[PDB]
Structures are given as structure tokens and as C-alpha cells.
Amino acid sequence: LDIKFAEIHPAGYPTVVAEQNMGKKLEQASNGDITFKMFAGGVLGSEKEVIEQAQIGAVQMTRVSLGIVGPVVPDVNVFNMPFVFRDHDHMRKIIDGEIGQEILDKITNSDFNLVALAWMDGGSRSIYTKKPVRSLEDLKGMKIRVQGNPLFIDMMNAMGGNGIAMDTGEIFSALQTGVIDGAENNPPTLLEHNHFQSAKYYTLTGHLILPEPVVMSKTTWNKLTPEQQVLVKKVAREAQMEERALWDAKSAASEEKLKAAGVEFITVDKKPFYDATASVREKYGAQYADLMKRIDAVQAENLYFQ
């Protein structure tokens, strides 16, 4: 059984490395009965195009941002809301515990032919722009690229900007020409997708912390034996933990490289951004009241139950 794994990120990126190591484990443990090949750098298309391919079995596995899964499986949008997690460490507790399992299961048990197996870390997303944004007010009227999810367009509009949905690969040229004034992402993406060449101001809003599911086509999943399925579950969960260490290293390295390239990291009070997005959490969070209560209550400890 052959697995093609699609990635939007370039070779060497922390997700890519963790995933190729996971694939090596699959090959070794199955004595070659499962083979694995990585297709990085967006060679198999945009994240939305790849998810479509996974649904019909043309691509066997991928990792994508949860941001673009929302339009396919609405119930995952609980993790896509602005400031749903208080910080990066809080998100990690969630994806490692019971609520993380529940949300993976909402993808798997959906009618959309995907099996969700683990969560990769993509840090926190902050706004980078061609001109400095030092306050909520400075964002007014700016065209900021977001991922293709109505939630993020509403979010950016609530912050007084103009959210423009675009595929990952379209951002570089749109920035170069001023078709957009900025975008929002973590430091490794800002660096490794070369967006810093056009945007030298990075405002640390941390407005989203979007986990990234690793998914398999359910068509492919159903061709595995139960023992192979257990192997896949095991090594996917191991990859969630391995990628965390790679992520922390890469994020810190990327921050330093970006500063050396002349990117200014601008600290801001998050409160005005939190307040501006209350309407978005009210709109999209109405049906997630219980989950939000449970998420908010995860704090000092590291329990599984939440």
C-alpha cells in the first residue's frame, strides 16, 4: 500500500521532517508493506485542492491548517476562533488531551471521507505588513490576506481591516505588488515562504493559534488492516510530539533570522484585538458554549480529562 503525503511547506520544514520520519517508521514497522513518499513544496497543489484529492483517494495523506478545514467540517471551527486559546501552551494542553481527541473524531466521523490522526503545531499567527501597524487603529482599511474561511474574513473585518482570502502560494506576489497590504502567520512561514522580502513589520497580535490536523483519505484508511491502523495511530501521535520540539527550535531560529533581515517585531496590547473580535466569537461560538467552557477551564495541570 503506497502513501503519497502532500505538503504545502518546503523540504526541511518542521512538519515535513516530522512527517517524513513518521513515514520511515511506517515502512520499517510494516516491513515495507506500507510505503511512503513525501510531496512537499505544494507540488500536488494548494491545501484546499489537496483536501479535495484526499476525499476522493487521489492523495493518501496530508497535513493542513485547520483554518481551511472549517468550510468542509464546520464543527472544527471551535479551534479556529480568534483568541479561543489564551496562549500557545494552552493550545498544546488541549491538543494533547481529551478535547483534542474529540475534535479529531469530529473530522473522522464526518461524512467527508477523511480520518484525522494527530495535531501538528503551527505556533501563533500575527500580522505582517508593508507599513507598520502599532495599534488596532493602524490596521484600519488594510487588505490583509487570510485563509479561505468566512470566519477569518469576519475576524479581519471586525478588526477594521479587509480580509482577503488567498491560497498560500498566492501571497508572495500579492505582497510584492500591494494587492494586499499584509498577511498573518507564524515566524517560520513568514521566513520560509519569503514574505518578509515585502513585509518588514510584524505586529504580535497572536490572534489565532491554529492546530494542524494530519489526515488520511478514508478510502486509503479502509484498505489498512486493523493492526496497520493501530500502527498509523501510534506513529501519528508520536509525530505530534516530535514535531513540537522541531517547531520550537525552528520558530526561535526563524525569529532571529527575520530580525537580522530587518523585520521589526512590534509588541502590542492584545486586549483591543480581543475586544474587537468578541462579535466573531459570539457569532461563530454560539453552538460551542460547552466546549469553550471546558477549554477555558484547562489551566495549570496536564490532565487528559478536560
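Residue positions are given as counts along the sequence shown, with the first one as 1.
- Comparing the deposited coordinates for 133 to 141 and 86 to 94, the stretch with the larger average C-alpha B-factor is 133 to 141.
- Higher mean CA temperature factor, per the PDB entry, when comparing 169 to 177 with 120 to 128: 169 to 177.
- In the PDB entry, the Cα temperature factor peaks, among 60, 28, 65, 240, at 28.
- The residue among 249, 54, 258, 278 whose C-alpha atom has the highest B-factor in the PDB entry is 54.
- In this PDB entry, residue 201 carries a Cα temperature factor that places it within the lowest third of its chain's modelled residues.
- Residue 154 sits in the middle third of its chain by CA B factor, as recorded in the PDB entry.
- In this PDB entry, residue 9 carries a Cα temperature factor that places it within the lowest third of its chain's modelled residues.
- Sort the chain's modelled residues by C-alpha temperature factor and residue 106 lands in the highest third, per the entry.
- The entry lists a Cα temperature factor for residue 46 that places it in the lowest third of the chain's modelled residues.
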